[PDB]
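Colleague: One structure is given below, represented as structure tokens, and several questions about it will come after.
Just so it is clear, none of the values below were taken in a lab; they were calculated from the coordinates. Please note: Cβ atoms are built from the backbone with ideal geometry, for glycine as well, and neighbour counts cover all protein chains shown.
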Ligand SMILES: CC(C)(C)[Si](C)(C)OCCC[n+]1cccc(C(N)=O)c1
Ligand SMILES: CC(C)(C)[Si](C)(C)OCCC[n+]1cccc(C(N)=O)c1
Ligand SMILES: CC(C)(C)[Si](C)(C)OCCC[n+]1cccc(C(N)=O)c1
Ligand code: NA
Ligand code: NA
Ligand SMILES: [Zn+2]
Ligand SMILES: [Zn+2]
Ligand SMILES: [Zn+2]
Ligand SMILES: [Zn+2]
Ligand SMILES: [Zn+2]
Ligand SMILES: [Zn+2]
Ligand SMILES: [Zn+2]
Ligand SMILES: [Zn+2]
């Protein structure tokens, strides 16, 4: 096919539309994938709600940074995969040559911004299209016979909480407690990860009893309703010792405040969710001694392989709702109104 | 609506600036050479809105005016001397009446009659009584085209929604061979038919341009090879699909200055731009280094009689799928309100 | 044949052309070397040399002359179809020869020439204003037989360009049709001759001078009226109010384009042939009659140039010429700028 | 490359084609050497090889193959426009390139080719049924991109020839028109697909074989009629009493031409594309409807070949092919002679 359907963000303030664009051809070192599943996440809405001044990803933009597909054509000199191999796309592309990239932590590449290296669906053409280009073979991770619909969320919904947990995993030994705030998209996977790679007790925190009920099924040992009573409730569940780690996937100021009120001495707060302006206040007597705080970014490539390994072993169960490519824009309206059970996935 | 006597219901423009109204007016009787039709379907056109929005100083079609220049019906009464049609024959109304005697008319191109203006010959619904009524007069048998057993609702838009794009395409059809690209701007009442015509009478690649995801999907449904969003990025998106070579012909059914601007930015050397949609003041700028060499531009008008016959032949062969919404005569004014807000999917059609 | 040759070149922006001594070119494979017998002057050369430093994109130094006629001097490797001594005219608007437009015989509308940097002689490539010139391919040579080269040089542009413009709508110009010619200078004077030879259309001329109107009548215009605000009414006066089938605007000013839009007939045509930067037709509803198409044509096709040469060889095309030597080249361009050349200037090396 | 190559040649009148070794050609200036990727064969080759020895004057030996496709292997001196590796189809009816017909983009109707001895490859010049082939000029190569060469080879004749015949009267084939196709095995099979792609004409297929008529319906024929004395009555029955706008007779027998004259419409057209020696239409008053033109078209133009390639690459043209190796060339011609090839045989060296 000389052209292909793609869900694109074409102008500021408008809804994404299904438009026809040229089918890309892989240059030297590139790989062309036939997309088999493309995930939607709230970060797409956040990007699409940016005003004209702040948005810096160029228009038009093919959406979709949660991509999985099969190798369709290999660019010149690309060995490592064969036509038909099922692969997941590593999102946070880096330069590959800086100290951070050499350590595997391409998500923390120190030259990507200066060089204009952007992830697919966030500056580079995304996965919500019949075909997509991947810049390099090192940004492809094999998935074997993993169902592509289940695999697509793993590239962000799985990778991002996995990285946040991995940053302080040595603290989550037996006897530790991990608090998960927001047990929807990412927190649901975070709970499953915590139970798989650690023996820590998991406390779920969310506004909706519906979300709390599911959190208990996937391993959460206790559930608390979000609000002004959450802090007291969490400490009541842990005596007065606090939570070794708090993974806030909401990112609102109120949830960060709850995290700072319950984190243990020498603990950790991970601000994963994004609410513009929300921030933790790290100062003496405003947070326990030794309790570190960070805003993590996506994850490393080796962590993506580990997330795939968890899924192939039956340890990650991602709730998905499938959509057609033509249903792409409709799916984003569904995501906007919070009417999607778990994760939305477009199957071209 | 069961026929009931010497008066008929009609949708009329009666005073400047007001909405049209349904009225019970006398049923006309055909004079010698004329034909009385029982109307079976009357289509709504955006040009009706343009006419009804003209100020008193500009409007020159007389009041009251029975609206509707998109008419099909059945022969009800033959005027004196009229042979060639029998009572009951299903016919489509050729709209752009001409004098029939000038050089243009002698070639069938009555839409370009050079004497109609001087003689006061005006089309039904645009100066003469239109088809949005139970009955209508047609001036001459040569302005009737048989439609056979075609469904009236689907046949009525053929007289303008089909005929007008068909004529614009026909003007440069020899340019639209295999390997050519035809750009269609607008997938409304006319554009969604133009796409189908291009697929049926040419091997050109068809790229549609519109705003709504619904319109772009409609374009693909009716046969467009590709569809892109209108606006500032439309020109680049088209040239991406053409490999930067430019479009052989651009058919602009919107006619806004921005869409004409896009047409000039994508038209190929020696190509064509057809400005079909009407926006007052909007115009192409045909000058050196403002448009590619040899790229011609025209504002076409309706179509020829032989073209209308060819449009009916396309419909009877199953090559035209006209999207319609049906209204009653009493709903006529409400239908025009729907047309104003652009909530009519395809073409609105009144069925007496 | 000497190793050096005389030529006239545009050498630096904003300055006048100068006479120079440059190496005589040698034809590579596929090319043909001509001994120039006449090189025509054209106002388009002034337009090119008036481009500011930034806007000019035709390269320096540039041997001028895009109206070239000569005799075959040396055949490049593999070139047949012409023999040494054959008198040929140089087809100007070189194309790639391989795109759909080129394959249809419309090289002037080649869709690849710009991308490939293919430019006409004298407008990017070495022109004809020199003792010798290189032609890239044999398909850009047209035989002229024993036709006087001074007469043939203007045919390559002054004849080909109006001929193409008329040819685009010739089927409209049957008996009873009317063709309006605005401007009876170089191209319009030839345009009238063409219209009389290939059609039975009534020709009405429009110009600004009593002398120009009288010239128009002499070359076959049935009527002539003065240009200006009253021009449109004056034409409609002669046509009985019917409007003109086609309008060929060889001036191209905004005022003449405006006139053309006021006189063109329903389902007619307007050809904007003259070049005035910024002037353009306004093609929209209520600003132009229904069905009246408008185009800016470009030069002409190769088969059209053959037909122009056939008209001239049959005694149906005459173009007033003034002759200059190569040394008088820059002088002739001074004359061209100040509009003091009657007809077309031709340089004879 | 090796100093010699295999070629399927017609070396003696009345003989069968044989695989012989001949020197590998080298491209002179302006020429292109192709490595052949596909060489189609058709009944025109059998007709040529059936010419009696009494009519033979010159031409032997002849490398067969006028339906050639290949990749550029070596560029002659001065040739630009293609690079080594480019996939190209060979335009068959070579012309002089300088006459009016050639300049108009109708080299198939070149008026100088016969006098100059310019013959098509495989029909007077070395054909494509060999490891390598010479093309005289770059303008006789048409790029095909990534189109399968085996699918491209038949289109150089089985596609181009019906496309040209239809194109000659395409403006007549509007909605409401009827096109009759006599002989739907090869050229007519592609002609049916062309008619459905470039027009809205109703297509009536006429043939002797019931299986070929079923295939005709599958590729766009609206009706099927048994060829014979009753075909004219059956065709009229299908069109009322109106007749067919155009009749494309790919058989060319006297009986089929007679049927064409009995069904063509007033002001219609009859295209005699197939060849049967001595068969002809009788164009005279009351022997054919008024205004119905008759012609024997020849092959097609280069721009038409580009359009045929465009149709094929868009998935709108399909002909069944059976591939043979170059060593099997004679076997392919044996199969063709006994009429057991479905679609088109293609030789792949
Ligand atoms: C990092 C950006 C500011 C560009 Si965001 C939040 C609009 O999404 C891109 C990566 C997707 N994702 C989603 C949720 C959380 C995170 C995270 N904590 O890294 C990342
Ligand atoms: C000087 C220009 C920039 C306008 Si130009 C590159 C189009 O002139 C040289 C091409 C010859 N010629 C001269 C006058 C008019 C025309 C025409 N109307 O075709 C063609
Ligand atoms: C040498 C032959 C006398 C057999 Si002849 C010119 C029919 O074949 C040429 C080869 C192409 N082709 C095939 C069939 C018909 C036509 C045509 N109608 O031109 C052309
Ligand atoms: Na637009
Ligand atoms: Na027969
Ligand atoms: Zn995401
Ligand atoms: Zn890096
Ligand atoms: Zn209308
Ligand atoms: Zn008239
Ligand atoms: Zn000139
Ligand atoms: Zn070209
Ligand atoms: Zn053949
Ligand atoms: Zn020739």
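Colleague: Considering only the stretch D:314-343, how many residues are in contact (Cβ under 8 Å) with a residue 60 or more places away in the chain and within 14 Å of another protein chain (Cβ to nearest Cβ)?
Modeller: 2
Colleague: To continue, here is another question. Tally up the residues in the stretch B:163-220 that are under 16 Å from the mean Cα position of the chain (by Cα) and away from chain D (no Cβ under 13 Å), please.
Modeller: So the count comes out to 15.
Matching residues to (1) surrounded by fewer than 23 Cβ atoms within 10 Å (Cβ to Cβ); (2) within 16 Å of ligand 6 (Cβ to nearest atom); (3) more than 14 Å from chain B (Cβ to nearest Cβ):
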| position | (1), (2), (3) |
| --- | --- |
| A:14 | yes, no, no |
| A:23 | yes, no, no |
| A:45 | yes, yes, yes |
| A:63 | no, yes, no |
| A:91 | no, yes, yes |
| A:98 | yes, no, yes |
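Colleague: Could you tell me whether any residue of the stretch D:180-196 is more than 14 Å from chain B (Cβ to nearest Cβ) and either within 16 Å of ligand 1 (Cβ to nearest atom) or within 27 Å of residue D:19 (Cβ to Cβ) (or both)?
Modeller: Within the stretch D:180-196 (the criterion being more than 14 Å from chain B (Cβ to nearest Cβ) and either within 16 Å of ligand 1 (Cβ to nearest atom) or within 27 Å of residue D:19 (Cβ to Cβ) (or both)), the answer is yes, since at least one residue qualifies.
Colleague: Select, from A:144, A:219, the only residue that is free of Cβ contacts under 8 Å to residues at least 40 places away in the same chain and on the phi > 0 side of the Ramachandran plot.
Modeller: Among A:144, A:219, only A:219 is free of Cβ contacts under 8 Å to residues at least 40 places away in the same chain and on the phi > 0 side of the Ramachandran plot.
Colleague: Can I ask one more? Tell me, which residue of the stretch C:60-80 that is within 23 Å of residue D:136 (Cα to Cα) and surrounded by fewer than 17 Cβ atoms within 10 Å (Cβ to Cβ) is farthest from the other protein chains (Cβ to nearest Cβ)?
Modeller: Filtering first and then ranking leaves C:80.
Colleague: Considering only residues that are part of a strand (DSSP E or B) and either farther than 14 Å from residue A:26 by Cα or touching a helix residue (DSSP H, G or I) at 6+ places or on another chain (Cβ under 7 Å) (or both), which ones fall in the stretch A:131-163?
Modeller: Across the stretch A:131-163, the qualifying residues are A:140, A:141, A:142.
Colleague: Among (1) over 21 Å from the mean Cα position of the chain (by Cα); (2) in a loop (DSSP other than H, G, I, E, B); (3) within 14 Å of chain C (Cβ to nearest Cβ); (4) over 27 Å from residue C:106 (Cβ atoms), there is one condition residue B:258 misses while meeting the rest; what is its number?
Modeller: (2)
Colleague: Within the stretch D:254-269, track down each residue that is within 20 Å of residue D:208 (Cα to Cα) and surrounded by fewer than 18 Cβ atoms within 10 Å (Cβ to Cβ).
Modeller: Listed by number, the residues that qualify are D:254, D:255, D:258, D:262.
Colleague: Let me ask you something else. Would a scan of the stretch D:142-158 turn up a residue that is assigned to a strand (DSSP E or B) and either more than 14 Å from chain C (Cβ to nearest Cβ) or more than 16 Å from ligand 6 (Cβ to nearest atom) (or both)?
Modeller: yes
Colleague: Only one of B:92, B:101 is in contact with a strand residue (DSSP E or B) (Cβ under 8 Å, 6 or more places away or on another chain) and either part of a loop (DSSP other than H, G, I, E, B) or more than 16 Å from ligand 2 (Cβ to nearest atom) (or both); which?
Modeller: Every option except B:92 fails the conditions.
Colleague: Out of all the residues in the stretch D:303-311, is one or more under 17 Å from the mean Cα position of the chain (by Cα), without any contact (Cβ under 8 Å) to a residue 60 or more places away in the chain and part of a helix (DSSP H, G or I)?
Modeller: yes
Colleague: Ok, one more. Based on this model, can you work out whether residue C:95 counts as crowded, with 22+ Cβ neighbours inside 10 Å, within 12 Å of chain D (Cβ to nearest Cβ) and either within 13 Å of ligand 11 (Cβ to nearest atom) or part of a loop (DSSP other than H, G, I, E, B) (or both)?
Modeller: Against the criterion (crowded, with 22+ Cβ neighbours inside 10 Å, within 12 Å of chain D (Cβ to nearest Cβ) and either within 13 Å of ligand 11 (Cβ to nearest atom) or part of a loop (DSSP other than H, G, I, E, B) (or both)), residue C:95 qualifies.
Colleague: Can you tell me how many residues in the stretch C:314-323 are closer than 24 Å to residue C:341 by Cα and surrounded by fewer than 20 Cβ atoms within 10 Å (Cβ to Cβ)?
Modeller: 6
Colleague: Related question: Which residue is farthest from ligand 13 (Cβ to nearest atom), if the candidates are limited to the stretch A:28-57 and must be part of a loop (DSSP other than H, G, I, E, B) and under 17 Å from residue A:92 (Cα atoms)?
Modeller: So the residue we want is A:41.
Colleague: Something else: For residue D:137, indicate whether it is closer than 21 Å to residue D:300 by Cα, more than 14 Å from every other protein chain (Cβ to nearest Cβ), buried (at least 18 other Cβ atoms within 10 Å of the Cβ) and more than 16 Å from ligand 5 (Cβ to nearest atom).
Modeller: For residue D:137, the condition - closer than 21 Å to residue D:300 by Cα, more than 14 Å from every other protein chain (Cβ to nearest Cβ), buried (at least 18 other Cβ atoms within 10 Å of the Cβ) and more than 16 Å from ligand 5 (Cβ to nearest atom) - is not met.
Colleague: Now, a different point. Looking only at residues in the stretch C:98-117 that are part of a loop (DSSP other than H, G, I, E, B) and at the interface with chain D (Cβ under 9 Å from one of its Cβ atoms), which one is nearest to ligand 11 (Cβ to nearest atom)?
Modeller: Among those that are part of a loop (DSSP other than H, G, I, E, B) and at the interface with chain D (Cβ under 9 Å from one of its Cβ atoms), it is C:99.
Colleague: If only one of B:263, B:268, B:249 is surrounded by 19 or more Cβ atoms within 10 Å (Cβ to Cβ), more than 12 Å from chain C (Cβ to nearest Cβ) and either touching a strand residue (DSSP E or B) at 6+ places or on another chain (Cβ under 7 Å) or more than 19 Å from residue B:161 (Cβ to Cβ) (or both), which one is it?
Modeller: Matching residue, one of B:263, B:268, B:249: B:249.
Colleague: Applying the selection to the stretch C:21-38, what residues are within 14 Å of chain D (Cβ to nearest Cβ), on the phi < 0 side of the Ramachandran plot and touching a helix residue (DSSP H, G or I) at 6+ places or on another chain (Cβ under 8 Å)?
Modeller: Passing the criteria: only C:32.
Colleague: Can you pull out the residues in the stretch A:307-328 that are part of a helix (DSSP H, G or I), surrounded by fewer than 17 Cβ atoms within 10 Å (Cβ to Cβ) and in contact (Cβ under 8 Å) with a residue 40 or more places away in the chain?
Modeller: A:312
Colleague: Does any residue of the stretch D:218-239 turn out to be part of a loop (DSSP other than H, G, I, E, B), surrounded by fewer than 24 Cβ atoms within 10 Å (Cβ to Cβ) and touching a residue at least 60 places away in the same chain (Cβ under 8 Å)?
Modeller: Yes, the conditions are met somewhere in the stretch D:218-239.
Colleague: Here is a further query. For residues in the stretch A:101-118 being surrounded by 18 or more Cβ atoms within 10 Å (Cβ to Cβ) and free of Cβ contacts under 8 Å to residues at least 60 places away in the same chain, which is nearest to ligand 3 (Cβ to nearest atom)?
Modeller: A:117
Colleague: Next question, about the same structure. Select, from B:269, B:298, B:311, B:250, the only residue that is more than 16 Å from ligand 1 (Cβ to nearest atom) and within 30 Å of residue A:12 (Cα to Cα).
Modeller: Result of the check over B:269, B:298, B:311, B:250: B:250.
Colleague: Shifting gears a bit: What are the residues in the stretch B:140-167 that are within 30 Å of residue C:241 (Cβ to Cβ) and either crowded, with 19+ Cβ neighbours inside 10 Å or within 16 Å of ligand 10 (Cβ to nearest atom) (or both), if any?
Modeller: B:143, B:160, B:163, B:164, B:167
Colleague: Go through the stretch C:297-313 and report how many residues are within 7 Å of another protein chain (Cβ to nearest Cβ), within 16 Å of ligand 10 (Cβ to nearest atom) and surrounded by 21 or more Cβ atoms within 10 Å (Cβ to Cβ).
Modeller: Of the residues in that region, 1 qualify.
Colleague: Report, by residue number, each residue of the stretch D:165-186 that is more than 15 Å from residue D:206 (Cα to Cα) and surrounded by fewer than 24 Cβ atoms within 10 Å (Cβ to Cβ).
Modeller: Across the stretch D:165-186, the qualifying residues are D:167, D:168, D:169, D:170, D:171, D:172, D:173, D:174, D:176, D:177.
Colleague: Only residues that are more than 7 Å from every other protein chain (Cβ to nearest Cβ) and more than 21 Å from the chain's Cα centre (by Cα): list them for the stretch C:277-291, please.
Modeller: Within the stretch C:277-291, C:286, C:289 meet the criteria.
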